[PDB]
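Before any questions on how it binds or moves, here is one chain, the form deposited in one PDB entry, in structure tokens.
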């Protein structure tokens, strides 16, 4: 019935915020995700406005779309909070369309953030900064892994950056039918998501923490190329042939042998032999400390 659900959503007082406390703003992504101001999110501080992102359905959406948004909200409740993931902040579920209120990242996704900061052909990033960005993403993933969550689409596009340059993993709670994914469908930027997938996920559709580590390897490569496009110009069929032959991307120019070996370890052909996010956090912590910020 238009945008009204055939079913009705159960109340959850742990998370419910009155609709009139949410001042809706401009679109951020599509859909749909919109910037809003939330008044009195914290019940201790009722006079404060907090900038938040709000997920909601488009007028087109079906009961299945609603079901998927409810599922993401419920998984976010279960997973709990961490500094390096996008956290659930509240919901409006009653007497109107479902709003899922989550953290706002004012500097947008990591791919654009990195690209905007390439030297001109915007302040440049030091080696330490790039390695700290990798560190934070690995910490977010270590948390998610510890909570038994497999992301399935880890990539710079799904990492968001806050006003204080905190990296936050986004979209870890999405319901996806991996049988139905279009290998030829592209991101809005025109790149192919198959280029982040482990061979076992790609060929046999087996998704594991180990396949997420493969994706993290590609993400590391994205970071040290300042937002480079993996396997540029390569179509799906040729990607499959490259992976069956054991091809691996070349070492980026602005990158140490140790970090490249980390990337290659993430792309181990045998999944059991890849490092764990726990180990990656440990190795990256040591490297951050030993890497120069120039000065």
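Residue numbers count along the first chain shown, from 1. Here the rigid core means the biggest group of C-alpha atoms that line up within 1.5 Å when the two forms are laid on top of each other.
Just so it is clear, the following notes concern the form deposited in another entry, a form of the same protein that is not shown.
Fit the rigid core and compare the CA positions between this form and the one not shown: of 188, 165, 106, 146, just 188 moves by 2 angstroms or more. Comparing the forms between this form and the one not shown on their rigid core, the Cα displacement of residue 78 stays under 2 Å.
In a rigid-core overlay of the protein, residue 178 has its C-alpha displaced by at least 2 Å between this form and the one not shown.
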